[PDB]
Amino acid sequence: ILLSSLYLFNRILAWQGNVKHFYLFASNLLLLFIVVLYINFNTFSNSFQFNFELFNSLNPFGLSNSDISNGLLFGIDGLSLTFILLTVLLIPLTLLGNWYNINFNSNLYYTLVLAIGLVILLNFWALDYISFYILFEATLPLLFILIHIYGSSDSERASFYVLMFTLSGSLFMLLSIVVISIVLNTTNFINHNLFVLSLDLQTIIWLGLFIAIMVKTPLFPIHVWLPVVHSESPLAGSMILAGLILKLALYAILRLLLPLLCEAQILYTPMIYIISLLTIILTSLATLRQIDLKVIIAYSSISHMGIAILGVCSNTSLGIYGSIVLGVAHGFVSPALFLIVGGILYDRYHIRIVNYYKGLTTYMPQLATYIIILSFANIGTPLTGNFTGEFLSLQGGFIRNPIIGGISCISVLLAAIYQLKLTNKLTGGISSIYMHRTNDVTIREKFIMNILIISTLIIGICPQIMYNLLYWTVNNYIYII
Amino acid sequence: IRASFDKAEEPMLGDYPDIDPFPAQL
Amino acid sequence: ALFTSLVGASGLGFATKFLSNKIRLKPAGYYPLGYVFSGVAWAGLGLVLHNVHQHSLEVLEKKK
Amino acid sequence: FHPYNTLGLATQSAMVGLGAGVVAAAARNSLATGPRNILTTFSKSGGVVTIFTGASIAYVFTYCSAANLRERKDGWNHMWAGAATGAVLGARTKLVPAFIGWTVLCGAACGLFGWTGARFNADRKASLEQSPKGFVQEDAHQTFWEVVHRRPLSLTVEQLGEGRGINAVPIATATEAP
Amino acid sequence: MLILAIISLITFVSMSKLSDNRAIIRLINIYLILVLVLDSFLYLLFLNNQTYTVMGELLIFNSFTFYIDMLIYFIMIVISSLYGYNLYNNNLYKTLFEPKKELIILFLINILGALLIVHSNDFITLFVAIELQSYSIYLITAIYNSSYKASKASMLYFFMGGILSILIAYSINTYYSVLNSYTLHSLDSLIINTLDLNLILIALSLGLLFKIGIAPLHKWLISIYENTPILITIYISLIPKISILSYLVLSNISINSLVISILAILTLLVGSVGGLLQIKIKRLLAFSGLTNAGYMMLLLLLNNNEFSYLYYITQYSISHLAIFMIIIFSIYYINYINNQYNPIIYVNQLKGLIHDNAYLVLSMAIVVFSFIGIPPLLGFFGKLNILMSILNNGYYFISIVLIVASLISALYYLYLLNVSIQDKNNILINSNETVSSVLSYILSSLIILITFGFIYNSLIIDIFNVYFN
Amino acid sequence: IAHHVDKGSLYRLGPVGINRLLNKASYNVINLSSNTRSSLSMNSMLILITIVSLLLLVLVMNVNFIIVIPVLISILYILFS
Amino acid sequence: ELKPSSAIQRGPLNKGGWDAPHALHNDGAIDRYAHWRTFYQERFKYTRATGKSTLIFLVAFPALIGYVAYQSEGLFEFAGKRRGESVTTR
Ligand SMILES: CCCCCCCCCCC(CCCCCCCCCC)(CO[C@H]1O[C@@H](CO)[C@H](O[C@@H]2O[C@@H](CO)[C@H](O)[C@@H](O)[C@@H]2O)[C@@H](O)[C@@H]1O)CO[C@H]1O[C@@H](CO)[C@H](O[C@@H]2O[C@@H](CO)[C@H](O)[C@@H](O)[C@@H]2O)[C@@H](O)[C@H]1O
Ligand SMILES: CCCCC/C=C/C/C=C\CCCCCCCC(=O)O[C@H](COC(=O)CCCCCCCCCCCCCCC)COP(=O)([O-])OCC[N+](C)(C)C
Ligand SMILES: CCCCCCCCCCCCCCCCCC(=O)OC[C@H](COP(=O)(O)OCCN)OC(=O)CCCCCCCCCCCCCCCCC
């Protein structure tokens, strides 16, 4: 099969010369395959199901059928299946969103994009600390190359930021994982809640894990790399970085931190709440004085991630469900907003400064309607998954600490402010003098936007539709005596 | 130039025009 | 499995031949016999590694 | 904790800093280009002797003083000592932002050093390799590197404190009717 | 086999004309390969970590030394290929890379000295081996005597290495004056407790360690690396480092040394920071070598270091060979040849290499990310094993400094790739001459090892458990 | 918040401040032997200085390890700043 | 005498593509403003005003939130509380 499929790839490349149709076909097959897996996934069981081991000493190039496990473990539960579905929904759209605007050396570009998607998808399958860490880091060089070669004017500084900041946090995570490795002589996620380290050692291991979380989420005050990296990235990079990669941190909190360091997490929760409240408030206010469209959209993600953090660290079932739902809804809506600012407007005008844009409604009524819809989705209008996630996250946060969550409720207003301030100027007023009339949104751009809006609306009207994969998850991680 | 917050930025320009600001509405 | 080890090692040899063709600015299938030679050689190395590992496991088991 | 003798220890530090600065001045005098005599070594020292002496005084005095005042020995004392040392070294800039930057950042680096144990090599006896590890036996107290399957609930109540889900009795047991 | 090759080569080369040089090297190349594949089975002797004293207790053979010997053979094979095979057949490359008449003999004698250092069980063996390697390395540095920089470098090497050889000799004689012995085997836990040998043993350690150029005595060796011909630099910056470090790893005479801890920290800081402003490729690679030497220096502070040292030194040797080969391959695409000994000097001369040879730049990217430590490349697993070792033994501050140095040195590693993937205005369309099949295959094999070696990690650990436990 | 914190202090404890710091530190360490003409004489002086300083430092450590911490800080300051 | 091989034929690097008409009429003043705003970190300095903002947002505000969050930890329980019952636990 692999031999035959490689021959197929080779011949397609020989004759067409562009690999992108093959990549679109492969990713669509991957999505269908994941849906088939979901069909055969047992929901009345909190055990990992589609398990396999790679690079075992008895079968380094095959699957392990041995009585000793020394390779890298993979498998899924409901939590990981949720994010895997999000990943395979997003990958073909990130291919399709750059269908026409990549012209020089396009085969390499699409290879990088698909590789990054596949690495993230495998990362969600990882069942031990080392396999997780390997797939966690492997995206960094691919992103470095993609941003350096295919990014906008400031893309060298951006590639260096996306490599250096993430490496910086990851190395402290690596310290924590090494300590776990040598202290427990085990690294897997299946039984790691059975090991109870002393409270002191727990407190120390938590710090490394949380520094990595702080850079990857990101949280205040180590967030300042994300606007630069998002602003200078090509569109597929931005879509993957906002829709998928940031969700890896929330997943890491649930999978790597809470089951193992429960008592230390209880001890550290007020500090987390300080950091998340600072993230929400300060980054929301800092967004008000930005002049780059893509920077504004990027800053929005940080505040929503702060709300998700507050939910996921609330020690309540509602908070964890809200954090996951918020992650998924953000994964729908943020790539759509990045598509608008860095895919549609930027491909027509090749500029991102807010002063140039005004009154797009006259010649492009459809784009204005998309902007309005996605803006009110982004600020958590009900019947959108964003509202469900934010509302449940705030409920959990308020229960965990009434004062801190109560103050967190101001995010509704603050997000409304920055987002609607942008959309008011984008749609209203007289058509700008600095730009000439261009085409309204195309069929491909509308297709992508429609997919994302329908997804967020479906989970906004009936969020319960995710519960069949997550009802074990909302109890697996809370620590109550 | 006129307000405290425009003045506070004076060290922050080098070779950018120090413009005296006027509200466009006026 | 020994057969899987041989396939994997031969694939490593194929990758070596491909990369050497590319670095020489040559087409992928430039001298196709080289693919066979490279695959055979790397399969030999993989077989040696497999046999040494098997002997090591045998020794670890015989001290029990 | 019995106190450090701040005065005597600090005087020792003064002597050592003066000696080290003298040695650095001699090396500086030998390595440089241009004409140089035996008296120019302090003339063209760059104040290096003062660097050494002042750093020695600041660090040792502040460390001993903070340790005695708190009646503790831990990394915080080294944080204070590094803060004072950074204050001395950043005074040479003659600029307030740089003085503040040296203060806080040297204090943070030395606090990090003190937190790891205030040593460059290892405390071999305390290390994991020289310590009881793995799963503890029947009912023994858990030590720093040891692992258990269940901790005692009394220990959890003591360490975390009561509240926000931590209770001396599980809820369902306590709310059972009879 | 090595001694035989040296004798036969001296005779054969004496009776040979200067035009036979490359042919002779090719012969020795295949000879070495044969010794590696027909004499490999001797590994069986060391099953269950059996140790053999040999030559009236002058030499020690175990699994560690056998592995180091195999690694040195492999390195010699790779490096001798670079002299025996022409990259291109044009006149310029004949001028750039022509082996001297006696170079192959000097290489084989230096390899003998290295292997004797590794196996040294007595201090007289150690000193004779050290002087053999040192004298050979001076002559290797000097043999391109039309170059002003190489002759000056050889003089500097002779004098600094002589001072350090004197320090080593004085250490050995103080040890003898205290114990009436020339072997570390006479050291016991009781002796170490009873006597203060720390000053003597650290003096020996420092004498050995300054010979491979740790801080603060790093600049002289970096100068020598910059000022030698590039094909000499590939050899002389690797083999001594391996031999000396392997001996110190096997001797374990500096466990929990405060002085070694401080010098290792200084070496990591100097190596990472001092590489940042470098604009010459060989100076950048020399600072990289300094940082990796600091990484390995950390393993001299603890027992049971064998797995992490062997893994690190193997993957580092592979990466060092790969990066020098890539730099050599890129010479064909540069606009300006600086001189015949160092055809390429400045990192900026690699600008736009991706438009001339894309897969060469892919090879560079893989090697650079391995040096940085991105999984699943071999460099990541080397650094992971070192971190496991040092944190098991309580070196917390040093682990933090290791992380910081890794991050800092990533900047100058990425400099190479950064310039190499920028745009250049005049790009290559076609060229009739192809680079050599042999050398391209060797480079590709190294790249593939760096990329896919992790697949064998658990199998390797299984074998290690039966030959080193 | 956006200029003084996000693009002020946070870049100072970030890319801009670290870039400036590393620039000065790297310059200082590479120029540790800058103006000298005879590499032999300077490198020999360095090995003598290293040996003597290590001896005196270890003597200090035998006395009291806390007293040596400021000396090491001063030496690092000399080398990198 | 040391020159690159004559066998090499170098042409120009053209990325190709269709040059679209210029739909944006660039304003130099706006571009200069955007450049000043985007690279402000390169010109930032610690003065009284910027230092005051630094102290309010990176020191004072975190300390207020931290005091609140460590003082009120575990303090409140609200679920189903009735008249006369304490809503506080300490
Ligand atoms: C992600 C950020 C990384 C930065 C944070 C790292 C900070 C490391 C600090 C924590 C830690 C190393 C833990 C390493 C774990 C993995 C390392 C993690 C990765 C490292 C990168 C170092 O603890 C150090 O703390 C310093 C104070 O700050 C002290 O300073 C000095 O204080 C003065 C000297 O007396 C001097 O005046 C001066 O010399 C300094 O002032 C040191 O002496 C002390 O060793 C603690 O380890 C140790 O904990 C103790 C009791 O906890 C353990 O023994 C216990 O004994 C009973 C009670 O004793 C318990 O009943 C028992 O159960 C348990 O057996 C030990 O066996 C050992 O294990
Ligand atoms: C037919 C004859 C061919 C043999 C020629 C060997 C040449 C060595 C040349 C270069 C060194 C490269 C690395 C050597 C591999 C270590 C083997 C071993 O397992 O190392 C162990 C010790 O592990 C260690 O310490 C750690 C080693 C660290 C290795 C790091 C690199 C890993 C990536 C390598 C991936 C393998 C590629 C396979 C391709 C299909 C010693 O094993 P051993 O002493 O029992 O000897 C083996 C039996 N032998 C003599 C017949 C071969
Ligand atoms: C360079 C980065 C670091 C690289 C380190 C990791 C490299 C891994 C290389 C990718 C290969 C992993 C995917 C293939 C393994 C799965 C093969 C398989 O058969 O899974 C076994 C599992 C159980 O199968 P079995 O027990 O045999 O029973 C079958 C009953 N009918 O059957 C199943 O349950 C199905 C499992 C589905 C798993 C989904 C995998 C999605 C991604 C597949 C391709 C990913 C490619 C990534 C490429 C970039 C590199 C990361």
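Note on naming: letters A, B, ... go to the chains in the order of the sequence lines (proteins, then strands), and numbering restarts at 1 for each one.
- For E:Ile442, no part lies near chain C; criterion is any non-hydrogen pair under 4.5 Å.
- Both the backbone and the side chain of E:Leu360 come within contact range of chain C, each with at least one heavy atom under 4.5 Å from a heavy atom of that chain.
- Between E:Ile448 atom CD1 and C:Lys17 atom NZ the span is 13.0 Å, to the nearest 0.5 Å.
- Residues E:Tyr441 and C:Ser20 approach most closely at N-OG, 3.2 Å, considering heavy atoms.
- Counting only heavy atoms from C-beta outward, the side chains of C:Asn21 and E:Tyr359 never approach each other to under 4.5 Å.
- Between E:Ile463 and C:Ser56 there is a side-chain heavy-atom pair separated by less than 4.5 Å.
- Within a 6.0 Å sphere centred on CZ of C:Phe3, heavy atoms belonging to other residues, nucleotides or ligands number 12 at most.
- Heavy-atom minimum distance, E:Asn357 versus C:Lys22: OD1-O, 4.1 Å.
- With a 6.0 Å radius and a threshold of 12 heavy atoms from other residues, nucleotides or ligands, E:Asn49 has its CG atom above the threshold.
- For E:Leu428, the part lying under 4.5 angstrom from a heavy atom of chain C is the side chain only.
- Two residues are said to be in side-chain contact when any heavy atoms from C-beta on lie closer than 4.5 Å; C:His55 and E:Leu44 meet this criterion.
- The two atoms that bring C:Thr16 and E:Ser444 nearest to each other are O-CB, 3.6 Å, heavy atoms only.
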Walk me through whether C:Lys63 and E:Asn48 qualify under side-chain contact (heavy atoms from CB on, under 4.5 Å). CA-CA 11 Å; C:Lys63 326 181 327 289; E:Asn48 306 112; 3.9 Å; yes

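- Heavy-atom contacts from other residues, nucleotides or ligands closer than 6.0 Å to CG of E:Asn430 number more than 12.
- A pairwise comparison of heavy atoms in C:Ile23 and E:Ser440 identifies CG2-CB, 4.5 Å as the closest pair.
- Judged by distance alone, the side chains of C:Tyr31 and E:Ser437 never bring a donor and an acceptor atom under 3.5 Å apart.
- Smallest separation of non-hydrogen atoms from E:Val435 and C:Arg24: O-NE, 2.7 Å.
- With chain E as the partner, the residue from C:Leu25, C:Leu60, C:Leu12 showing the most heavy-atom pairs under 4.5 Å is C:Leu25.
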